[PDB]
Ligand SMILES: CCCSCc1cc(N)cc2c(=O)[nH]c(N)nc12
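This document starts with one chain, in the form solved without this ligand, laid out as structure tokens.
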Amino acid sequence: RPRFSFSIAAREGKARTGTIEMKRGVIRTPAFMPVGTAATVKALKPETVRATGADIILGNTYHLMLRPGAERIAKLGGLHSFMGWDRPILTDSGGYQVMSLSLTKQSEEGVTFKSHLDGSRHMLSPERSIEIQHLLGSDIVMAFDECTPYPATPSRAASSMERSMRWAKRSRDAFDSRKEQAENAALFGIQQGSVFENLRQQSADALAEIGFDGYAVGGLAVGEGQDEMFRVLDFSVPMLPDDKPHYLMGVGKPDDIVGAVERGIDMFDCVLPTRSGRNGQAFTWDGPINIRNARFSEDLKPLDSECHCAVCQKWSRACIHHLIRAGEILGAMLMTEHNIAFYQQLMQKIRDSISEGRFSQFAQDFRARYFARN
């Protein structure tokens, strides 16, 4: 019923659990958002993704505007039809992929780039990104920003942050200028500032002055290492409005997530569970495992003996091992389904332990078992 309503059911330190209510459904916080595809035989079925625990999936604006393009998606009935997913959908701005996959020109106005598979010209800006995310019909909209490469100078970081904040205002204005969008969707602002506390602070209150439904912590997961990331999060998150969801984009190693929840993050997304699913890496409570190893050739146990997913209730490491080695598609599908389910179960344990006030103990128990392997 509500456009966007964020509640906090419980807290423990900086960590916090709750829900985000939207017209297309409820999102349980902290949340992991798997990346959606297009609902074909090559990808997992929508109902399968839903059955893993996903309350909301993510769509890459950049790839979607390249193929089959935002206009086609709109004619087809939006992303929800295209992806066969009738629950909330978040779309990124498409700016990150542009500055790492494409740029014929860049300025304060925006960027124009060539299609890395067609050569055709495409333009992106705060105004255009908002419009494109509208055509896709997403529920949560990400503001268009300028991402600064890692490592970055204190000058290049301050420059890109200052621009990203002006683009934040432009994104907000574009969003509000469209009644169908502004009254039904939500808008998140992104905080930049690299590893510099002053830039982070100047970015945070700049966004707060503009006002957003949610606030993303951008600039991380670019190769800074976990320790540096936690150190950044340590001061970055408290500068963000407490009564709004905190989104940490791109971050999604299981231990990265737990540590980020300890520091106030409410939302996560990454392609790691999907990517490593096809590459033969499975996530367990005792750390990641490579299924191709000869050890799992006759291992009758499931991928994880505590995972509740439909794969672990049926398939053993042995059969999954062979399917993967045989090049059989089913094997990669099974791995992927488990991986994203495992992630959702991690989220559920986090939510549970917070509301019971036992999350601090869970975080310690988690790392102890996860890092020890075996």
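The numbering used is simple: start at 1 and walk along the sequence shown.
This next part talks about the form solved in complex with this ligand, which is not shown.
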ask   = When you measure heavy atoms, are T29, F32 and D55 every one within 4.5 angstroms of this ligand in the entry with it bound?
value = no
ask   = Just one of 179-187, 290-298, 231-239, 247-255 has heavy atoms within 4.5 Å of this ligand in the entry with it bound; which?
value = 247-255
inquiry  = Please tell me whether any heavy atom belonging to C147 falls inside 4.5 Å of a heavy atom of this ligand, as the geometry stands in the entry with it bound.
reply    = yes
message = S93 versus this ligand, in the entry with it bound: is there a non-hydrogen atom within 4.5 Å?
response = yes
ask   = Might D269 be said to contact this ligand in the entry with it bound, defining contact as any heavy atom within 4.5 Å?
value = yes
query = Wondering, does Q348 line up within 4.5 Å of this ligand in the entry with it bound on heavy atoms?
reply = no
inquiry  = Pick out the residues of 212-236 whose heavy atoms come within 4.5 Å of this ligand in the entry with it bound.
reply    = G218, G219, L220, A221, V222
